[PDB]
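Enquirer: First the structure, then my questions, so here it is.
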Amino acid sequence: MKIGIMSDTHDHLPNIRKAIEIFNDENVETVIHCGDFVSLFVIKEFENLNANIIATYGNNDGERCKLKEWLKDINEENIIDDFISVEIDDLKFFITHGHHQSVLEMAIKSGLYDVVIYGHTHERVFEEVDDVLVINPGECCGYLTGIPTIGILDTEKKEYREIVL
Ligand code: NI
Ligand code: NI
C-alpha cells in the first residue's frame, strides 16, 4: 500500500528513469504526478512504469489532449486533469500543480481533505496543518534547487519519506 509521488519532471529523462526504477523496486500501487512532464516523449518513458498513473496538468504542459491520450494508451486506468479530487486507502486526496495558489490554499484550509499534493514551486515540503497532510514531492528534475527528489507515502500508517535521486 505505497503511493509514489513526483512532480515537475521537466523532460529530465535520466531522473525520470531513476524515478521509474525506484517506484518499481517498491510496491507502489499507483504514482501521482503533478508537475509539468511537459513534452509528449516523457510519456513513452512511462510505459515502463508498473503502477497506474494519476497526473495533473502543469502550467508548462502544452500538449494537453495528446498527453491525456498517450497516458491512456499506456493504460486506460491512468487519469489527468487540472484538479484531481479522489479517495485512496480510506484517505481523501486533493491533487494539483501548485499552479493556482488560491485554489491550493482553499483545499488545505477547508478541511475537506486528508492529504493535499502539489508541485509547481519545485520546493519540496512535507508538513501538517489542521490534520491535513500537505505534500510537495519537490522537483524530479532538480533544476531550480539542484536537489532532485520524489517521494513515497504509506497509505495505512500515513508515513512519508523523500527520496533524493
Ligand atoms: Ni515546473
Ligand atoms: Ni510549474
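Following the order of the C-alpha cells, first chain is A, next is B, and so on, with residues numbered from 1 inside each chain and ligands from 1 in the order they appear.
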Pull the alpha helix (DSSP H) assignments for region 76-115 of chain A out of DSSP run on the backbone, and list those residues as a compact mmCIF listing (two decimals) with C-alpha atoms, in the first residue's frame.

Expert:
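Listed below is the output, selection-v3.txt:
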```txt
# COMPACT_ATOMS: atom_id res chain seq x y z
CA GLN A 101 -2.39 29.37 -5.40
CA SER A 102 -5.87 30.46 -4.34
CA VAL A 103 -7.34 27.03 -5.04
CA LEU A 104 -4.47 25.20 -3.38
CA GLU A 105 -4.78 27.40 -0.29
CA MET A 106 -8.55 26.76 -0.02
CA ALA A 107 -8.18 22.94 -0.30
CA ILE A 108 -5.93 22.91 2.80
CA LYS A 109 -7.97 25.49 4.75
CA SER A 110 -11.26 23.74 4.01
```

Enquirer: Fewer than 5 positions away in the same chain doesn't count, so skip those; otherwise give me all residues within 12 Å of region 13-24 of chain A, counting only C-alpha atoms, as a PyMOL selection string.

Expert: chain A and resi 2-8+29-33+37-53+137+139-143+147-153+162-165

Enquirer: Keeping only N, CA and C atoms, take the residues you just selected and write them out as a compact mmCIF listing (two decimals), in the first residue's frame.

Expert:
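Saved as result_33.txt:
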```txt
# COMPACT_ATOMS: atom_id res chain seq x y z
N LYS A 2 1.68 1.39 -1.04
CA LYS A 2 2.56 2.54 -1.19
C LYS A 2 2.16 3.37 -2.40
N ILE A 3 2.17 4.69 -2.27
CA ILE A 3 1.86 5.51 -3.43
C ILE A 3 3.05 6.39 -3.75
N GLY A 4 3.51 6.34 -5.00
CA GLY A 4 4.62 7.17 -5.41
C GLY A 4 4.15 8.59 -5.69
N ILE A 5 4.94 9.58 -5.30
CA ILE A 5 4.56 10.96 -5.55
C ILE A 5 5.73 11.63 -6.26
N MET A 6 5.45 12.35 -7.34
CA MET A 6 6.53 13.00 -8.08
C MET A 6 6.01 14.25 -8.77
N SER A 7 6.90 15.13 -9.19
CA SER A 7 6.44 16.35 -9.87
C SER A 7 7.51 17.09 -10.68
N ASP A 8 7.06 17.93 -11.59
CA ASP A 8 7.98 18.73 -12.32
C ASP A 8 9.14 17.96 -12.85
N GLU A 29 1.53 1.00 -5.68
CA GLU A 29 0.33 0.57 -6.38
C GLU A 29 0.03 1.63 -7.45
N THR A 30 0.22 2.89 -7.09
CA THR A 30 -0.04 3.97 -8.03
C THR A 30 0.93 5.16 -7.87
N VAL A 31 1.15 5.89 -8.96
CA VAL A 31 2.06 7.03 -8.96
C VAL A 31 1.30 8.28 -9.33
N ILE A 32 1.36 9.28 -8.46
CA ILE A 32 0.74 10.58 -8.65
C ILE A 32 1.82 11.50 -9.22
N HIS A 33 1.51 12.30 -10.23
CA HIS A 33 2.49 13.23 -10.84
C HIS A 33 1.75 14.56 -10.99
N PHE A 37 5.33 17.52 -17.08
CA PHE A 37 6.20 16.44 -17.61
C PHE A 37 6.83 17.24 -18.71
N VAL A 38 5.88 17.97 -19.28
CA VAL A 38 5.97 18.90 -20.37
C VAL A 38 5.83 18.24 -21.72
N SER A 39 6.87 17.58 -22.23
CA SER A 39 6.76 17.01 -23.58
C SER A 39 6.19 15.60 -23.73
N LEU A 40 5.56 15.34 -24.87
CA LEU A 40 4.98 14.03 -25.12
C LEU A 40 5.90 12.86 -24.96
N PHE A 41 7.13 12.96 -25.45
CA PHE A 41 8.05 11.83 -25.32
C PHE A 41 8.28 11.41 -23.87
N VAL A 42 7.91 12.26 -22.91
CA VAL A 42 8.06 11.90 -21.50
C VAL A 42 7.13 10.72 -21.16
N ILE A 43 5.96 10.68 -21.79
CA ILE A 43 5.02 9.61 -21.54
C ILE A 43 5.45 8.26 -22.11
N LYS A 44 6.32 8.24 -23.12
CA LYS A 44 6.79 6.95 -23.63
C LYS A 44 7.69 6.33 -22.55
N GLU A 45 8.31 7.15 -21.73
CA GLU A 45 9.17 6.61 -20.69
C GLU A 45 8.30 5.92 -19.66
N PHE A 46 7.08 6.41 -19.51
CA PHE A 46 6.21 5.82 -18.51
C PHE A 46 5.58 4.49 -18.86
N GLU A 47 5.75 4.04 -20.09
CA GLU A 47 5.15 2.76 -20.41
C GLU A 47 5.82 1.70 -19.56
N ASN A 48 7.05 1.99 -19.12
CA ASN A 48 7.83 1.08 -18.28
C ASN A 48 7.46 1.11 -16.80
N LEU A 49 6.52 1.97 -16.44
CA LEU A 49 6.08 2.10 -15.04
C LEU A 49 4.97 1.08 -14.76
N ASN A 50 5.16 0.30 -13.70
CA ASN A 50 4.18 -0.70 -13.34
C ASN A 50 2.87 -0.10 -12.88
N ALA A 51 2.93 0.74 -11.84
CA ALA A 51 1.73 1.37 -11.28
C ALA A 51 0.84 2.19 -12.23
N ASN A 52 -0.42 2.36 -11.86
CA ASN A 52 -1.29 3.17 -12.69
C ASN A 52 -0.86 4.59 -12.35
N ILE A 53 -1.28 5.55 -13.17
CA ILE A 53 -0.88 6.93 -13.01
C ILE A 53 -1.98 7.93 -12.75
N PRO A 137 6.32 16.84 -3.38
CA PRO A 137 7.42 15.93 -3.68
C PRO A 137 8.72 16.61 -4.06
N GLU A 139 11.11 18.80 -7.01
CA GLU A 139 11.38 18.74 -8.44
C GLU A 139 12.16 17.50 -8.84
N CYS A 140 11.52 16.62 -9.59
CA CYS A 140 12.22 15.44 -10.01
C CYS A 140 13.43 15.82 -10.87
N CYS A 141 13.32 16.88 -11.65
CA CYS A 141 14.41 17.31 -12.50
C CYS A 141 15.60 17.90 -11.74
N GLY A 142 15.38 18.59 -10.62
CA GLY A 142 16.48 19.18 -9.88
C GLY A 142 17.02 20.53 -10.38
N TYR A 143 16.34 21.17 -11.34
CA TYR A 143 16.81 22.45 -11.91
C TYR A 143 16.91 23.72 -11.03
N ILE A 147 18.58 19.87 -6.19
CA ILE A 147 18.28 18.67 -5.41
C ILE A 147 17.06 17.92 -6.00
N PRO A 148 17.33 16.91 -6.81
CA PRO A 148 16.23 16.16 -7.40
C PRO A 148 15.59 15.20 -6.40
N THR A 149 14.28 15.29 -6.23
CA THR A 149 13.58 14.41 -5.32
C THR A 149 12.24 13.90 -5.83
N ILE A 150 11.71 12.92 -5.11
CA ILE A 150 10.39 12.34 -5.37
C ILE A 150 10.02 11.88 -3.98
N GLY A 151 8.90 11.18 -3.83
CA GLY A 151 8.52 10.73 -2.50
C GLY A 151 7.64 9.50 -2.49
N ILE A 152 7.47 8.89 -1.32
CA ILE A 152 6.58 7.73 -1.20
C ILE A 152 5.77 7.79 0.09
N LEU A 153 4.46 7.74 -0.07
CA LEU A 153 3.51 7.82 1.03
C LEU A 153 2.91 6.47 1.42
N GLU A 162 11.07 11.43 1.66
CA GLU A 162 11.63 11.94 0.42
C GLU A 162 12.63 10.93 -0.07
N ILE A 163 12.99 11.03 -1.34
CA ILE A 163 13.98 10.15 -1.93
C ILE A 163 14.80 11.00 -2.89
N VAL A 164 16.05 11.26 -2.53
CA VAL A 164 16.94 12.05 -3.35
C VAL A 164 17.46 11.18 -4.50
N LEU A 165 17.47 11.71 -5.71
CA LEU A 165 17.93 10.93 -6.85
C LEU A 165 19.44 10.95 -7.05
```

Enquirer: Can I get the residues close to ligand 2 as a ChimeraX atom specification, where close means within 6 Å and we count only C-alpha atoms and all ligand atoms?

Expert: /A:36,58-59,120

Enquirer: Using C-alpha atoms, can you write the selected residues to a file as a CSV table (one decimal), in the first residue's frame?

Expert:
```
chain,number,residue,atom,x,y,z
A,36,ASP,CA,4.8,19.6,-15.9
A,58,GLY,CA,1.3,21.7,-15.2
A,59,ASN,CA,1.2,25.3,-16.4
A,120,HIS,CA,4.9,24.0,-9.3
```

Enquirer: Considering only C-alpha atoms, return as a list in words whatever protein or nucleic-acid residues lie within 7 Å of residue 80 (chain A), sequence-local ones (same chain, fewer than 6 positions apart) excluded.

Expert: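 Close residues of residue 80 (chain A): residues 54, 55, 56, 57 and 68 of chain A.
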
Enquirer: Would you export the selected residues with N, CA, C and O atoms as an mmCIF file, in the first residue's frame, please?

Expert:
```cif
data_model
loop_
_atom_site.group_PDB
_atom_site.id
_atom_site.type_symbol
_atom_site.label_atom_id
_atom_site.label_comp_id
_atom_site.auth_asym_id
_atom_site.auth_seq_id
_atom_site.Cartn_x
_atom_site.Cartn_y
_atom_site.Cartn_z
ATOM 1 N N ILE A 54 -1.750 8.878 -11.842
ATOM 2 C CA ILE A 54 -2.717 9.961 -11.638
ATOM 3 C C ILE A 54 -1.904 11.245 -11.838
ATOM 4 O O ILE A 54 -1.012 11.561 -11.046
ATOM 5 N N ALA A 55 -2.191 11.973 -12.908
ATOM 6 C CA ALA A 55 -1.447 13.190 -13.174
ATOM 7 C C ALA A 55 -2.293 14.430 -13.164
ATOM 8 O O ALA A 55 -3.526 14.393 -13.207
ATOM 9 N N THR A 56 -1.609 15.549 -13.107
ATOM 10 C CA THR A 56 -2.300 16.801 -13.102
ATOM 11 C C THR A 56 -1.575 17.646 -14.161
ATOM 12 O O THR A 56 -0.421 17.398 -14.475
ATOM 13 N N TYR A 57 -2.258 18.595 -14.773
ATOM 14 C CA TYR A 57 -1.616 19.386 -15.813
ATOM 15 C C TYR A 57 -0.759 20.481 -15.222
ATOM 16 O O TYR A 57 -1.187 21.188 -14.320
ATOM 17 N N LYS A 68 -3.225 13.333 -22.636
ATOM 18 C CA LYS A 68 -4.253 12.517 -21.994
ATOM 19 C C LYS A 68 -4.369 11.195 -22.727
ATOM 20 O O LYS A 68 -4.497 10.142 -22.100
#
```

Enquirer: Considering only C-alpha atoms, can you say which of A:95, A:134, A:88, A:115 comes closest to residue 34 (chain A)?

Expert: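 Nearest candidate to residue 34 (chain A) out of A:95, A:134, A:88, A:115: A:95.
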
Enquirer: Which residues are near residue 112 (chain A)? Cut-off 12 Å, only C-alpha atoms, ignore same chain within fewer than 4 positions. Put them as an MDAnalysis selection string.

Expert: chainID A and resid 85:87 91:94 106:108 116 130:133

Enquirer: Pick the closest to ligand 1 from A:122, A:158, A:72, A:100: which is it, counting only C-alpha atoms and all ligand atoms?

Expert: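 That would be A:122, the residue with the smallest distance to ligand 1.
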
Enquirer: Rounded to one decimal in Å, what is the spacing between CA of residue 98 (chain A) and CA of residue 119 (chain A)?

Expert: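 Interatomic distance here is 4.9 Å.
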
Enquirer: With only C-alpha atoms and all ligand atoms as the basis for distance, which of A:27, A:96, A:145, A:60 is at the shortest distance from ligand 1?

Expert: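 Of all the options, A:60 lies closest to ligand 1.
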
Enquirer: Using only C-alpha atoms and all ligand atoms, can you tell me which of A:25, A:82, A:77, A:61 comes closest to ligand 1?

Expert: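 Under the stated criterion, the closest residue is A:61.
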
Enquirer: Mind listing the strand (DSSP E) residues of region 12-109 of chain A, per DSSP on the backbone, as a list in words?

Expert: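 Taking region 12-109 of chain A and keeping strand (DSSP E) only, one gets residues 30, 31, 32, 33, 52, 53, 54, 55, 56, 79, 80, 81, 83, 84, 85, 86, 87, 88, 91, 92, 93, 94, 95 and 96 of chain A.
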
Enquirer: For N, CA, C and O atoms, I'd like the residues from the last selection saved as a short mmCIF file (atom, residue, chain, number, x, y, z; two decimals), in the first residue's frame.

Expert:
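Below is the file out.cif, written as the result:
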```cif
data_model
loop_
_atom_site.label_atom_id
_atom_site.label_comp_id
_atom_site.auth_asym_id
_atom_site.auth_seq_id
_atom_site.Cartn_x
_atom_site.Cartn_y
_atom_site.Cartn_z
N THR A 30 0.22 2.89 -7.09
CA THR A 30 -0.04 3.97 -8.03
C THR A 30 0.93 5.16 -7.87
O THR A 30 1.50 5.40 -6.80
N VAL A 31 1.15 5.89 -8.96
CA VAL A 31 2.06 7.03 -8.96
C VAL A 31 1.30 8.28 -9.33
O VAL A 31 0.67 8.33 -10.37
N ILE A 32 1.36 9.28 -8.46
CA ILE A 32 0.74 10.58 -8.65
C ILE A 32 1.82 11.50 -9.22
O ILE A 32 2.94 11.48 -8.72
N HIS A 33 1.51 12.30 -10.23
CA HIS A 33 2.49 13.23 -10.84
C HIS A 33 1.75 14.56 -10.99
O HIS A 33 0.70 14.60 -11.62
N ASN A 52 -0.42 2.36 -11.86
CA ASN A 52 -1.29 3.17 -12.69
C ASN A 52 -0.86 4.59 -12.35
O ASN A 52 -0.17 4.81 -11.33
N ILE A 53 -1.28 5.55 -13.17
CA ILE A 53 -0.88 6.93 -13.01
C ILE A 53 -1.98 7.93 -12.75
O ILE A 53 -3.04 7.84 -13.36
N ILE A 54 -1.75 8.88 -11.84
CA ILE A 54 -2.72 9.96 -11.64
C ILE A 54 -1.90 11.25 -11.84
O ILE A 54 -1.01 11.56 -11.05
N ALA A 55 -2.19 11.97 -12.91
CA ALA A 55 -1.45 13.19 -13.17
C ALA A 55 -2.29 14.43 -13.16
O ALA A 55 -3.53 14.39 -13.21
N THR A 56 -1.61 15.55 -13.11
CA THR A 56 -2.30 16.80 -13.10
C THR A 56 -1.58 17.65 -14.16
O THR A 56 -0.42 17.40 -14.47
N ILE A 79 -5.24 8.63 -15.34
CA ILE A 79 -6.06 9.84 -15.48
C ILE A 79 -5.25 11.14 -15.34
O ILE A 79 -4.18 11.16 -14.76
N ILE A 80 -5.74 12.24 -15.89
CA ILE A 80 -5.03 13.51 -15.81
C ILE A 80 -6.00 14.69 -15.99
O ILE A 80 -6.67 14.79 -16.99
N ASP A 81 -6.06 15.57 -15.01
CA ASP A 81 -6.95 16.73 -15.06
C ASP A 81 -6.25 17.89 -14.36
O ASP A 81 -5.18 17.71 -13.80
N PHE A 83 -7.40 19.47 -11.73
CA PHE A 83 -7.56 19.20 -10.33
C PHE A 83 -8.08 17.80 -10.20
O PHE A 83 -9.03 17.45 -10.86
N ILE A 84 -7.45 16.98 -9.40
CA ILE A 84 -7.97 15.64 -9.21
C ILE A 84 -8.46 15.60 -7.77
O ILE A 84 -7.75 16.03 -6.87
N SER A 85 -9.68 15.11 -7.55
CA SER A 85 -10.22 15.03 -6.20
C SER A 85 -10.60 13.57 -5.95
O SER A 85 -11.65 13.14 -6.41
N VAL A 86 -9.77 12.82 -5.23
CA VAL A 86 -10.06 11.40 -5.00
C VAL A 86 -9.75 10.78 -3.66
O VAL A 86 -8.99 11.33 -2.87
N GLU A 87 -10.34 9.61 -3.44
CA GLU A 87 -10.14 8.83 -2.22
C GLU A 87 -9.32 7.58 -2.52
O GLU A 87 -9.54 6.90 -3.51
N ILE A 88 -8.35 7.30 -1.67
CA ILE A 88 -7.49 6.15 -1.83
C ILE A 88 -7.18 5.73 -0.42
O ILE A 88 -6.99 6.57 0.45
N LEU A 91 -8.49 7.49 2.58
CA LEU A 91 -7.97 8.85 2.74
C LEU A 91 -8.45 9.69 1.56
O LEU A 91 -8.47 9.21 0.44
N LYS A 92 -8.84 10.94 1.83
CA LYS A 92 -9.34 11.84 0.78
C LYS A 92 -8.27 12.83 0.29
O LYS A 92 -7.80 13.70 1.04
N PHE A 93 -7.89 12.68 -0.98
CA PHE A 93 -6.85 13.49 -1.64
C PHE A 93 -7.29 14.61 -2.53
O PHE A 93 -8.31 14.55 -3.23
N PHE A 94 -6.48 15.65 -2.53
CA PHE A 94 -6.69 16.75 -3.45
C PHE A 94 -5.33 16.94 -4.09
O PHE A 94 -4.37 17.24 -3.43
N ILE A 95 -5.27 16.74 -5.40
CA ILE A 95 -4.04 16.86 -6.15
C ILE A 95 -4.10 17.96 -7.19
O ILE A 95 -5.12 18.16 -7.85
N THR A 96 -3.01 18.71 -7.32
CA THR A 96 -2.96 19.78 -8.30
C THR A 96 -1.52 20.23 -8.46
O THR A 96 -0.65 19.83 -7.68
#
```
